[PDB]
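This report concerns only the one structure given below.
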Protein chains: 4
Amino acid sequence: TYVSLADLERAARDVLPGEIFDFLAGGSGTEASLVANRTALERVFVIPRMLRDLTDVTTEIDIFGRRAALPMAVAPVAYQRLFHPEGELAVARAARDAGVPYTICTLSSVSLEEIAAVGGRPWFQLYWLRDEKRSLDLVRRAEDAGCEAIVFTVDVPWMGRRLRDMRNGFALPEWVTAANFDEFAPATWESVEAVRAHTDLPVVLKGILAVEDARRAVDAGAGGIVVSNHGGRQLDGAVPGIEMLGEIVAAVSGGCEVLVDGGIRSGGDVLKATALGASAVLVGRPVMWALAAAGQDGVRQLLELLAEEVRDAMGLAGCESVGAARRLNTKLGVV
Amino acid sequence: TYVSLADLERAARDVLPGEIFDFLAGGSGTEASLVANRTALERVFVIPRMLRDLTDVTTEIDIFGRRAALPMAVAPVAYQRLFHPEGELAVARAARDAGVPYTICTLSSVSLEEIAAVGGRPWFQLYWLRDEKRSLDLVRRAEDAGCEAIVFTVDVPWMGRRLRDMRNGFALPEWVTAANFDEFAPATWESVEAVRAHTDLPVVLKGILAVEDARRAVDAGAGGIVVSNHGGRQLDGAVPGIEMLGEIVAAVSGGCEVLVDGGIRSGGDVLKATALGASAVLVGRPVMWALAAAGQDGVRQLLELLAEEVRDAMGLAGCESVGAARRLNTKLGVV
Amino acid sequence: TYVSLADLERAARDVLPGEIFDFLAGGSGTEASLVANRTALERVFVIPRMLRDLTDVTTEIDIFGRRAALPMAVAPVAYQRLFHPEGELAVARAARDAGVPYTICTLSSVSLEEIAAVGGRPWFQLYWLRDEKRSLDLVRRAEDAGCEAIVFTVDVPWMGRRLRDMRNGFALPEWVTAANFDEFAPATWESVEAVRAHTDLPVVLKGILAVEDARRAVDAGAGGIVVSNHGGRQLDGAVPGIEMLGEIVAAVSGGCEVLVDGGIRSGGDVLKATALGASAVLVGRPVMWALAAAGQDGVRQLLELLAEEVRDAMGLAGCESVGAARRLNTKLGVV
Amino acid sequence: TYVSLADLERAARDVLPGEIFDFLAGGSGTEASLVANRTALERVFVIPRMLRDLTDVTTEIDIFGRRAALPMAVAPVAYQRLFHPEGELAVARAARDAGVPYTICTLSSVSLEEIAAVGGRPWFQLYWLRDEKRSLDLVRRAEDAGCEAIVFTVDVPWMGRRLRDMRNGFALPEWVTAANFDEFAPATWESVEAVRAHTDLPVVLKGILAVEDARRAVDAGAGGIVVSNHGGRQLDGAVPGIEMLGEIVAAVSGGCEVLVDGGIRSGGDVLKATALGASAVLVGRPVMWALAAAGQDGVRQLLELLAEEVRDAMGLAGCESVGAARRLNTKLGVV
Ligand SMILES: Cc1cc2nc3c(=O)[nH]c(=O)nc-3n(C[C@H](O)[C@H](O)[C@H](O)COP(=O)(O)O)c2cc1C
Ligand SMILES: Cc1cc2nc3c(=O)[nH]c(=O)nc-3n(C[C@H](O)[C@H](O)[C@H](O)COP(=O)(O)O)c2cc1C
Ligand SMILES: Cc1cc2nc3c(=O)[nH]c(=O)nc-3n(C[C@H](O)[C@H](O)[C@H](O)COP(=O)(O)O)c2cc1C
Ligand SMILES: Cc1cc2nc3c(=O)[nH]c(=O)nc-3n(C[C@H](O)[C@H](O)[C@H](O)COP(=O)(O)O)c2cc1C
Ligand SMILES: O=C(O)C(=O)c1ccccc1
Ligand SMILES: O=C(O)C(=O)c1ccccc1
Ligand SMILES: O=C(O)C(=O)c1ccccc1
Ligand SMILES: O=C(O)C(=O)c1ccccc1
Ligand SMILES: O=C(O)C(=O)c1ccccc1
Ligand SMILES: O=C(O)C(=O)c1ccccc1
Ligand SMILES: O=C(O)C(=O)c1ccccc1
Ligand SMILES: O=C(O)C(=O)c1ccccc1
Ligand SMILES: [Mg+2]
Ligand SMILES: [Mg+2]
Ligand SMILES: [Mg+2]
Ligand SMILES: [Mg+2]
C-alpha cells in the first residue's frame, strides 16, 4: 500500500538505523542545495493541453540506443547493501523488470559483473581513479560486462562535507565493502577525453550545471549530460539542476541527451522536468527508501507507482508521448 | 449568521462524515494545484478608482443570452446528495431564487430533467461518453429540458489521482447514484465539433489553461471557455486558471466569454477575477459547504452573502457595472 | 519607557476593552490589505548615503503654507473618546506641542471648534454628507475655526465590511457621539469641485491609489493627495499606498503634495516613504495606542519617539533635510 | 569539535552573560537589516564549473600590499574584552597564526600598540574624533605601530539605536575601557581627504552602500571600500551589502579593492561573495563567538574551519584561485 513516494520515506525512516538514514537523506553544509532541489520543482507549474488524441499514450523513450519504459533511470547510489542485504541486486532486478535503466556504481557493494549479470541493459557510473590505467580498466570491465553507457561523475573532485555524517561519526560497517576493488583523483577534461577514446559506449557527464560546461561536454563528444547538483551533497549553495535545465537544453540544441536529477518525487515531477526539456530524469533517494522498506518488491512497487503517475500526468497534460511532453510550456509560481 | 465563506466551511466540517469532507476538499497528488489556486488569488491586488457615480450600481451581467444577477454561476459538482438529502434540488432552487445560473452535472445524483424543472435557466455539464451517440443523446436531453448552455468539461480524459480518497478507500454510498443513467472516453476536438454540430446552445469548454487552446476553442465555435485547473483535482502541478486568465482574455480578444474558477471565496475574489478580464466566475466547494451546513437555506445565505460582497467590492473600487470592473488594473504583491 | 511604537500597542492591548481594540486594529474582509501595508513597507530597503554634512540636520517641512516639525501628521481617526476620556483634545494638545498637524474628523467625538481652539494649526477631514449645502457648511465651520486644509476622504462611498466588528456586534457606546452633529452620500468629482469652489484652503484628497486618479486630482485643483488604502478598512484587496507611491509621485511631477499612509510604525518607515517620494506621512493606529495607553502624555511620548527615530534615520542615511531624503534610492528585497 | 560556525554561536550563548550576548548579536530598530544580511546570502546560488585543474588550489590573495591566507579579514569589533579576558590579544594572535588580517579598533579594550606588537600585519579601524588633529594622531599612532591599512568607518555619523541594549540598560563594565584613550564627530569627505593626505597607507572606506559613494571613494583616493550595512546595527532598513556588491564592483571597474561584510557564516558564503565580485570579506560576530567559547584556541579553530570550508567550496566550484572564483556566475533563487 503506497500511493505516493512519501509513503516509502516514512517506511524507510522506520526500519533504518538513524546514522544510515542520515547518510542517505543528508546534504553538504547547511543543506541549502538539498532543500532548493525541492523548492525549485515546487515553483514550476505545467500548462497542460486539452482534447488531444490519447488512444496510444506511451511513456517509452529511446536513449543511448535502447528503449526504456519510462523517461527515468535509477541514479547511481553507492553502497546499497547499507539499506538492504540484497543491496544492488534487489534494485537492479526490479529495474530490469520495470524496463528502467539501472546505474551500477564504481563504489557498489556488489561487483559490477554480478549486477550486470542480472540483465536489463545497465549503465556504469565512473569515479576517476588515481591513475588513468586503472580508471580505464574499470571502464573496460563495465563494457565487457554489457553496460551500455558510462556515466562519468564530474562534480566530485573530492567528496562534499556532509555534517550529519561528521556529527554521527558515520563510517562503513565492516559488512559493507567496495566490491569492485581488492586512490581517487579529480577528473578533468583530459580524463573525459581518455574515456571517450577508450570506449565505443556513450559517455554521459553527470554533475553539469554551467551552460558553457554543457556546451563543452557536447564539443568533447559526450552522448549525454546529467544536469545535477549531486542531490545537494557536493557544493552547498550550488544551484539546483532544474533551475539550469531550460538554459542548458537551449544551449546544446539537440547535440546530446540532457538528463536532470535532484528531488524528483512523483510522476508530476517527471512531467515538469520533461516540460523544461529533459530527455529523462534520474531518481536516487526514493529508490533507496523502497529498497530499505521492502527490498526488491519495494523497488518494484515504487517503479510501478512512478509508472502510473507518469502516465497519469502525461495524459492529463494532453501528451501521448514524451516528445509531446517536452513541448509543454511552464510558468513559475510562488511557494 | 455567516459573514464570510469561511464560516460555512467550518460548519460543513462539523456535519459531514470525514471521508465525504475529504472527497469535497481534496485535490490530486500533493495538492499543489489546489493550494496554488488560493495563493495565486492572494497575490493579486486591485487598484480601485474613486469619486465615480455609484447611483445605479448593478452586479448584473448578460451571458449566453440571459441576464444573471451576479457575474457568477454554480460550478458543476457531481453527486450533491453526498452533502445533503435534497442534493441538487436544494442547490438549484437557491440558485434560481438568487438569479444565478446552476450547472447540472452529467454525474448528478438527481436526474437532469428534475433539476431543470426547478426553473431558473440552468446549464448542463457534459462528460464525454463511450460512444458519440449516447453523448449526443445527453446533450439533446439537456436541451429538451430547457438547459441554456452546454458546459463541456475538457480537462478530464480520465479522473485525477485523489490520494485522500485512496487512503480513505472512499466510494459512493449505495444511496447515491448517477441519476442520469440506468463508459466514459477521453474527449477530443472532434468531440467538441460533434457537440457544436448537434446543438444550437452555446458550447462552453471548461478546463482550458493554454493560450493556444483558448484560441482554438474560439476557432472551434465555442461560445465560452472556463479557465480552470479543475479545483486542483486533475493534473497536480497544473497552473492556476487565475494565472493564465489575463493572457487568455487578451488572446481571444472578445471572441467568446471567458470564465474562471478555482478558489473564489469572496466578493473581493470575484472583483479580482473581473479585473483580470473574466466575464464571470464559477464557485464550487463553498456552495457545497453551504448545502452541507443548512441545505437550501444555507445555499441561499451563501449567495446573499456573495451578492453583498460583490456589490461592496465593486462600489469601493468605483465600479457601477461589471464592465467597469473589467477595466480595473491590478498589481501583483507578495504573500 | 517606550523605545518603539510596538511597546505602545502592547500597552493599549492591556487597557482597552477587546471590542474597542478590535474596532481600532481591524480591517475589512480577510484583512489582506491591512497585512499588505506592513508587508509592502518591510520589502523596501533604503540605500543610505555617507560622509555628508550633518551639522544642521532638520526634520522640518513646509506644507500647505505652514512649517511642520516632522514630515508627519496625525491621521483622521473617528471617535477618539473610544480610547481615552479626553479623546481628541488629548491628541490635538500633544500634536500641537510636538509641532505636528492634527486632522480633525467629521466624526469627531469632540466638536471641531473645541479641538481647533487647542491651537496648533489643525486640518479638517471631510466625509461627504447627504446634501451639498450641509457638506459645505461643515467646510465653512472648519475654515472659520482656523483649520488650514480640508482633507476630503474619497475612498468611502460607504464604509467597508469590518468582520471583527460584525462578529463582536460592535456599536458606539452611548457615551460617545458624533459631536459635530445634532445622512452620508458617496462623494464624486463634482463634490470635489463644490468644495474647491467654496474654500480658499488647500483641498487634499485622501484615499487615492490609481495613477490616473492622482493626475485627475491635480487637474481638479487639489493641493495634495494621500496615497492610501484606508488602513485596509475599505476595499479588502486594495493595493497598499506605499506600492503605488513612486508611480504616483512621478505622474503628478510636483503638481501637488503627495502624502502616504498605512502601516507607518517607525522613523525608518517615514524615511522609506520619503525615499519613495512622499512629502509627508499620516500615522493613525499608533497615535490611538499612545492615547489609550497614557492619554495626552502618551501621545507626547510617541511623537517624541518618532521625532528621534526620524532624525536618527535621516542622519544615518546622510540626509540633512527631508528634501535630501526624497532623493535617496531604494531597493526591493524579500520578506 | 566544531564542524560549522553555528556550533560556536551555541557555545558562546552558553557562556556569555545575556546582556553581553545581546550587545554582540543585536541590530538597530526592528533588526530588519540584520536579518536581511542572512536572507540576501541565502538567496544567492553559485553555478559551479567542473573538470578544471585543481592540482594547486590556493585560497591566498594579495591585498593592500600583503599576502593573506584566505580572502578574509577579522572585522573591527569594539571592546573584545567583553567576550574573553584576553580580548583583542587572543583574537590577533589567532589571526596572525592563520595568516588572516586583523582589524584593530579605535575603541579597542587593549591599546593598538599592544595589539600591533602581536605581529601578523594588522589593519587599523578609525572612528573620526572631535578635532582633526586627534583623529590624525590616531592614524599616525597606527602607522608608527606597523598597521598596514586604515579602515575608516564611514557609516557612523553617530551610533545606531540598538533596542536590545536599551531594554537591557546595557553599559560597559567598569573592567572594560577604551584603551587607546586617557568626543566623536561625524566624518565627511573632507575628513577622508585629511586622512588620505596624512598617510601613505591605503585608506579603506567601510560602510559604503550607494554606487555613487563607491565611485566617489575611488575618486577620493581610497585603496578599498567595504560594502556593508554595519551588521544591521546602524540604519535599520539599510540594504544588505551583498545586494549592492555586484553593482558596485561593476561601477568601480577595478579602481579599488571591494570587500563585503554582513552575515558571512561559512566558506560557501565566502565563495558567494567572491562570485559576486568581492576581493575579500570581513567576518565579525562569528570571531567573537569563537573568542567567547574558547579564547585564542577557539578563534584558531574557527579560522581553521573557515579555511577548510573555503578550500572545499572553491574546489567543488572548479576554482584553483580566488580570481577564478570571482569569474563564477550566480543565480538568485527563493528562500
Ligand atoms: C547515499 C547517496 C549515495 C550517492 N552515491 C553516488 C555515487 O556513488 N555516484 C554518483 O554519481 N552520485 C551519487 N549520488 C548522487 C545521486 O546519483 C543523485 O545525483 C542524487 O541523489 C540526487 O537525486 P535524488 O534527490 O533523487 O536523491 C549519491 C546520492 C546519495 C543520496
Ligand atoms: C467534489 C467535486 C466534484 C466535482 N465534480 C465536477 C464535475 O462533475 N464536472 C466538472 O466539470 N467539474 C467538477 N468539479 C470541479 C468544479 O466544477 C470546479 O472546477 C472546482 O471545484 C474549482 O472550484 P472551487 O475552488 O470553487 O471548488 C468538481 C469539484 C469538486 C470539489
Ligand atoms: C479606528 C479608525 C478610524 C478611522 N477613521 C477615519 C475617518 O474618520 N476618516 C478617514 O479619512 N480615515 C479614517 N481612518 C483611516 C486613517 O485615517 C488611516 O488612513 C489608516 O488608519 C491607515 O493608517 P495606520 O496604519 O497608520 O492606521 C480610520 C482608521 C481607524 C483605524
Ligand atoms: C559588537 C560589535 C561591535 C562592532 N564594532 C565596530 C567598530 O568598532 N567599528 C566598525 O567599523 N564596525 C564595528 N562593528 C561592525 C563589524 O565590523 C561588521 O561590519 C558587522 O559585524 C557585520 O559583520 P558580521 O555579520 O560578520 O558580524 C561591530 C559589530 C559588532 C557586532
Ligand atoms: O557520491 C555521493 O553522493 C556520496 O554519498 C558518497 C559518499 C561516500 C562514498 C560514496 C558516495
Ligand atoms: O577523497 C575523497 O573525497 C574520496 O571519497 C573520493 C571519492 C570519489 C571521487 C573523488 C574522491
Ligand atoms: O469531476 C470531479 O472534479 C471529481 O470530483 C469527480 C469524481 C468522481 C465522480 C465525479 C466527479
Ligand atoms: O475512468 C474515469 O476516470 C471516469 O471516472 C471518468 C469520468 C468522467 C470523465 C472521464 C472519465
Ligand atoms: O473611517 C474609518 O476608517 C472607520 O473606522 C469608521 C467607522 C465608523 C465610523 C467612522 C469611521
Ligand atoms: O453608510 C455608511 O457606510 C456610513 O457609515 C458612511 C460614513 C462615512 C462616509 C460614507 C458613509
Ligand atoms: O560600532 C558598532 O558596531 C557598535 O557595536 C559599537 C557600539 C558601542 C561602542 C563601539 C561600537
Ligand atoms: O555619539 C555617538 O553615537 C558615539 O558613540 C560615536 C561613536 C563612534 C562614532 C561616532 C559616534
Ligand atoms: Mg531526482
Ligand atoms: Mg472558484
Ligand atoms: Mg500610517
Ligand atoms: Mg560578515
Side-chain angles (χ1 to χ4, degrees), chain A residues 312 315-316, chain B residues 78 105-107 125-130 153-162 178 183-187 234, chain C residues 5 20-27 33-34 37-38 41 72-80 82-83 103-109 124-127 151-156 159-160 162 165 178 204-207 226-234 240-242 259-265 269 281-289 312 315-316, chain D residues 78 105-107 125-130 153-162 178 183-187 234:
Chain A
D312 181 56
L316 294 179
Chain B
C105 291
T106 285
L107 295 175
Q125 175 272 340
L126 177 68
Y127 276 135
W128 193 248
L129 297 168
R130 186 157 46 204
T153 302
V154 302
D155 58 3
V156 185
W158 50 77
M159 282 299 166
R161 284 174 70 89
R162 297 183 311 278
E183 316 200 325
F184 293 101
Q234 283 300 105
Chain C
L5 268 58
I20 290 182
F21 187 84
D22 277 339
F23 173 67
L24 179 58
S33 288
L34 173 66
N37 289 345
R38 285 300 305 164
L41 270 169
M72 173 205 286
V74 177
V77 172
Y79 298 125
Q80 289 169 25
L82 282 172
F83 312 117
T103 310
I104 301 170
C105 291
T106 285
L107 295 175
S108 55
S109 50
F124 179 71
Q125 175 272 340
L126 177 68
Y127 276 135
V151 178
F152 190 168
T153 302
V154 302
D155 58 3
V156 185
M159 282 299 166
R162 297 183 311 278
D165 293 353
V204 178
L205 306 188
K206 170 171 185 289
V226 189
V227 181
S228 173
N229 67 12
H230 207 111
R233 298 171 71 86
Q234 283 300 105
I242 199 74
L259 294 84
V260 66
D261 72 13
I264 300 299
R265 304 290 178 262
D269 290 342
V281 303
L282 313 182
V283 181
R285 291 175 183 97
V287 179
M288 303 299 110
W289 300 336
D312 181 56
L316 294 179
Chain D
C105 291
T106 285
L107 295 175
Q125 175 272 340
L126 177 68
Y127 276 135
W128 193 248
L129 297 168
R130 186 157 46 204
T153 302
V154 302
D155 58 3
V156 185
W158 50 77
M159 282 299 166
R161 284 174 70 89
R162 297 183 311 278
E183 316 200 325
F184 293 101
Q234 283 300 105

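We count ligands from 1, going down the list as the structure has it; atoms in each ligand are counted the same way. Note on naming: letters A, B, ... go to the chains in the order of the sequence lines (proteins, then strands), and numbering restarts at 1 for each one. The figures that follow rest on heavy atoms only: side chains count, while hydrogens, waters and symmetry mates do not.
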Next item on the list: Taking all non-hydrogen atoms of both residues into account, name the closest pair between D:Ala187 and D:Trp128 and its distance.
Entry: CB-CB, 3.9 Å
Checklist line | Winner among C:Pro240, C:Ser228, C:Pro76 once heavy atoms are compared against atom 28 (C) of ligand 3 | finding: C:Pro76
Notebook entry, point to check: Any idea which part of C:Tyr79 is under 4.0 Å from ligand 3, heavy-atom wise: side chain, backbone, both or neither?
Noted result: neither
Item checked: Partner of C:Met288 by side chain to side chain contact (heavy atoms under 4.5 Å, CB included), out of C:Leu82, C:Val77, C:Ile20 -> C:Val77
Margin query: Please confirm whether C:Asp261 approaches ligand 3 to less than 4.0 Å, judged on its heavy atoms.
Written below: yes
Check: Which ligand 3 atoms, with their elements, are less than 4.0 angstrom from a heavy-atom of C:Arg233?
Finding: 1 (C), 2 (C), 29 (C), 30 (C), 31 (C)
Notebook entry, point to check: Who passes side chain to side chain contact (heavy atoms under 4.5 Å, CB included) against C:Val281, sequence neighbours left out?
Noted result: C:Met72, C:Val260, C:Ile264, C:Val270, C:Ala273, C:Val283
Notebook entry, point to check: With a cut-off of 4.0 Å, which atoms of ligand 3 are near a heavy atom of C:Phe23?
Noted result: 1 (C)
Check: Which ligand 3 atoms, with their elements, are less than 4.0 angstrom from a heavy-atom of C:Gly231?
Finding: 20 (C), 22 (C)
Check: Quick one: does C:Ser228's side chain get under 4.5 Å of C:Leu259's, heavy atoms only?
Finding: no
Notebook entry, point to check: When you measure from atom 9 (N) of ligand 3 to every protein heavy atom, which one gives the shortest distance, and what is it?
Noted result: C:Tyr127 OH, 3.1 Å
Note to self: Between C:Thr153 and C:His230, is there a side-chain heavy-atom distance shorter than 4.5 Å?
What the structure shows: yes
Margin query: Does this structure show an ion pair linking C:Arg38 with C:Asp269, if we count only N-O contacts that are shorter than 4.0 Å?
Written below: yes
Check: Hey, are the side chains of C:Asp22 and C:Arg162 touching, using non-hydrogen atoms and a 4.5 Å cut-off?
Finding: no
Checklist line | Distance filter under 4.0 Å to C:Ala75 heavy atoms, resulting ligand 3 atoms | finding: 17 (O)
Next item on the list: I would like to know whether B:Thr106 and B:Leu126 meet side chain to side chain contact (heavy atoms under 4.5 Å, CB included); could you show each step before the answer?
Entry: CA-CA 5 Å; B:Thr106 285; B:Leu126 177 68; 4.2 Å; yes
Note to self: Under 3.5 Å between any N/O of C:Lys206 and any N/O of ligand 3: does that happen in this structure?
What the structure shows: yes
Check: Considering only heavy atoms, does C:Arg265 approach ligand 3 within less than 4.0 Å through its side chain, its backbone, both, or neither?
Finding: side chain
Item checked: Backbone or side-chain N or O of C:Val283 under 3.5 Å from ligand 3 N or O -> no
Next item on the list: Under the side chain to side chain contact (heavy atoms under 4.5 Å, CB included) rule, collect the residues that match up with C:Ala25, sequence neighbours excluded.
Entry: C:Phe21, C:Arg164
Next item on the list: Would you mind checking which non-hydrogen protein atom is closest to atom 23 (O) of ligand 3, with the distance to 0.1 Å?
Entry: C:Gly262 N, 3.7 Å
Item checked: Region of C:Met288 that comes within reach of ligand 3 [heavy atoms, distance under 4.0 Å] -> neither
Next item on the list: Using the six-membered ring wherever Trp is involved, compare the ring planes of D:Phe184 and D:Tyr127 and label them parallel, tilted or perpendicular (cut-offs 30° and 60°).
Entry: perpendicular
Note to self: I need the contact type for C:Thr153 against ligand 3. Using non-hydrogen atoms and a strict under-4.0 Å cut-off, is it side chain, backbone, both or neither?
What the structure shows: side chain
Check: Looking only at N/O atoms, are C:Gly284 and ligand 3 under 3.5 Å apart anywhere?
Finding: yes
Next item on the list: Could you list which atoms of ligand 3 come closer than 4.0 Å to a heavy atom of C:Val77?
Entry: 1 (C), 2 (C), 3 (C), 4 (C), 5 (N)
Next item on the list: Apply the test side chain to side chain contact (heavy atoms under 4.5 Å, CB included) to residues D:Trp158 and C:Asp312: give CA-CA distance (whole Å), side-chain angles for both, the deciding distance (0.1 Å), then the verdict.
Entry: CA-CA 8 Å; D:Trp158 50 77; C:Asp312 181 56; 2.8 Å; yes
Note to self: Looking at non-hydrogen atoms alone, which of C:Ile264, C:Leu24, C:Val287 comes nearest to atom 31 (C) of ligand 3?
What the structure shows: C:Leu24
Notebook entry, point to check: Considering distance alone, does some N or O of C:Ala78 sit under 3.5 Å from an N or O of ligand 3?
Noted result: yes
Check each N or O atom of ligand 8 against all protein N or O atoms and list the pairs under 3.5 Å, with atom names and distances to 0.1 Å, one per line.
{"unit_1": "ligand 8", "atom_1": "3 (O)", "unit_2": "B:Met159", "atom_2": "N", "d": "2.9"}

Next item on the list: Please list, chain by chain and in numerical order, all residues satisfying side chain to side chain contact (heavy atoms under 4.5 Å, CB included) with C:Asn37, sequence neighbours excluded.
Entry: C:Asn229, C:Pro240
Notebook entry, point to check: Going through the checks in order, is the side chain to side chain contact (heavy atoms under 4.5 Å, CB included) test met by C:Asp155 and C:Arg233?
Noted result: CA-CA 10 Å; C:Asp155 58 3; C:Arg233 298 171 71 86; over 6 Å; no
Check: Where do D:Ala78 and D:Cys105 come nearest, in terms of heavy atoms and distance?
Finding: N-SG, 3.7 Å
Next item on the list: Kindly compute the distance separating CD (C:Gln125) from OG1 (C:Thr103), expressed to the nearest 0.5 Å.
Entry: 8.0 Å
Check: What protein heavy atom sits nearest atom 21 (O) of ligand 3, and how far off is it?
Finding: C:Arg285 NH1, 4.1 Å
